[PDB]
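What the coordinates show
Below, each chain spelled out in residue letters.
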Amino acid sequence: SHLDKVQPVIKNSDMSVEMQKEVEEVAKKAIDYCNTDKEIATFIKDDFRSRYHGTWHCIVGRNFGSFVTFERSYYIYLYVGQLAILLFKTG
Amino acid sequence: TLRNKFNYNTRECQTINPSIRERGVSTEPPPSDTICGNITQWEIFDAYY
């Protein structure tokens, strides 16, 4: 029932609704698999790099802020509990 | 008999042509290394202290 409790929320999602839905599952799967925050960042990047190729940069934490240059239609910013999974691909 | 040596000289002229040459040039950008850093309030202060 923990997957129903976390209920991951997506403030800013400059991405297609299909690719967004995939991130929610990976985001939930990442946290319940991982023992620390450093491991969450590593699992997300590696999983997306395999699915969609290129140069991802993943950041997650309690309190931060983020001005970045990204491949247009490859940027999502979702917060779950107190963890903001921020992933973005660059050229 | 009308065409002489001093009524129809016969010059040769060419232009200086550089020899053609076929070369290869492969440009590969700097290697790009993954870095993983975590920052917590204590680790900042620990260094600061």
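Residues numbered from 1 in each chain as written, not as in the entry; some residues may be left out. Chains lettered and ligands numbered in written order. Part of a larger assembly, values for the part shown. Heavy atoms only, no water.

Per the deposition metadata, cryo-EM was the technique used to determine this entry, at a resolution of 4 Å.

Concerning the pattern of salt bridges
Residues and elements named next belong to chain A. Counting across every chain of the model gives 3 salt bridges over all chains. Close ionic contact of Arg 51 with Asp 47 constitutes a salt bridge, the shortest N to O distance being 3.1 Å. One end of the pair, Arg 51, and the other, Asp 47, are both in helix 3 (residues 37-51), 4 residues apart, so they sit about a helical turn from each other. With a relative accessible area of 41%, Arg 51 lands in the partly exposed category. (Salt bridge = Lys/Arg side-chain N within 4 Å of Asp/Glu carboxyl O. Helix = DSSP H or I, 4+ residues; strand = E, 2+ residues; numbered from the N terminus. Buried < 20%, exposed > 50% of the residue type's maximum accessible area, 1.4 Å probe, protein only.)

A closer look at the nonpolar core
Residues and elements named next belong to chain A. Core analysis: the largest hydrophobic core is formed by 19 residues, its most contacted members being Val 23, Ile 40, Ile 44, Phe 48, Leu 78, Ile 85 and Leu 87. For this core, the elements supplying multiple residues, two or more each, are helix 2 (17-33), helix 3, strand 2 (55-59), strand 3 (75-80) and strand 4 (83-90). Once residues lying within four places of it in the same chain are set aside, the contact partners of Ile 85 are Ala 27, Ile 44, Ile 59, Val 60, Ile 76, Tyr 77 and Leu 78. (Core = buried A, V, L, I, M, F, W, Y, C linked by side-chain atoms within 4.5 Å. Contact = heavy atoms within 4.5 Å.)

Overview of helix 3 of chain A
All names here are of chain A. Relative to the 21 Å expected for 15 residues at 1.5 Å per residue, helix 3 spans 22 Å between its end C-alpha atoms, a close match to the ideal helical length. Every buried residue of helix 3 is accounted for by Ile 40, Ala 41, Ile 44, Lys 45 and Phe 48. Summarising the axial view, the buried residues of helix 3 lie within an arc of 120°, below the 170-degree limit, and thus occupy one face. Looking at the buried residues of helix 3, the elements they touch are helix 2, strand 2 and strand 4. (Expected span 1.5 Å × (residues − 1). Arc of directions from axis to C-beta.)

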